[PDB]
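No Cβ is skipped: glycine too gets one built from the backbone with ideal geometry, and neighbour counts run over all protein chains shown. What follows is calculated from the coordinates using simple rules that are stated; it is not laboratory data.
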Amino acid sequence: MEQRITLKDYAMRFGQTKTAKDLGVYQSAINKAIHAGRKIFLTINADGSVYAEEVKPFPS
Amino acid sequence: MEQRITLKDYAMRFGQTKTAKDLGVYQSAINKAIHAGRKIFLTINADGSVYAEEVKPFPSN
């Protein structure tokens, strides 16, 4: 079973820094996304791996 | 606990008619959305309620 958290809550826990290393991005990207208020969720695998996705309702 | 399926896989088990009904949209929307390879997942609630979301990676390659 995996966990799924908001980009924002997670970054609040781990900080832009790890969050960024974890998503493999440049730090400013986390902040911008968050600042923009986009719906991104990170999934954390049972194994520890992390991934991210943005989500939109269907239909719009 | 929820079940979660792709639109496509859902459309095969049940047919395009149930699919649209379930989501309150119409047939064409489904079939279009599907032909176009949109990444949509349907969540099925415990009370049998259905809902969909389009999902994309982040960041984008």
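Net charge of the neighbourhood of A:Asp22, taken over other residues with C-beta under 15 Å away and scored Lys/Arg +1, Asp/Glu -1, is +1. Mean residue ellipticity, 222 nm, helices only, the protein assembly as shown: the sum of -39500 (n - 2.57) across DSSP H runs of n ≥ 4, divided by residue count and rounded to 500, is -13500 deg cm²/dmol. Exposure proxy for B:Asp47, A:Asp22: other Cβ atoms within 10 Å of each Cβ, ordered fewest to most, give B:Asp47, A:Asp22.
The overall shape of chain B is oblate: from the C-alpha gyration tensor, with semi-axes ordered a ≥ b ≥ c, the ratio a/c is 1.5 or greater and a/b is no larger than b/c. Inverting the mean 1/r over all pairs of different Cα atoms, compute the Kirkwood radius of the protein assembly as shown and quote it in Å. Here the Kirkwood hydrodynamic radius works out to 15.8 Å. In plain terms, the residue of B:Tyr51, A:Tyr26, B:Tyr10 with the fewest other Cβ atoms within 10 Å comes first and the most crowded comes last, giving A:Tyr26, B:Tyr51, B:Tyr10.
Which far-off residues, 5 or more places away or on another chain, put their amide H under 5 Å from the one on B:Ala52, with H placed in the peptide plane? So B:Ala52 has HN proximity to A:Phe58, B:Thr43.
Neighbouring Cβ atoms from other chains, within 10 Å of the Cβ of residues in B:44-55, number 2 on average.
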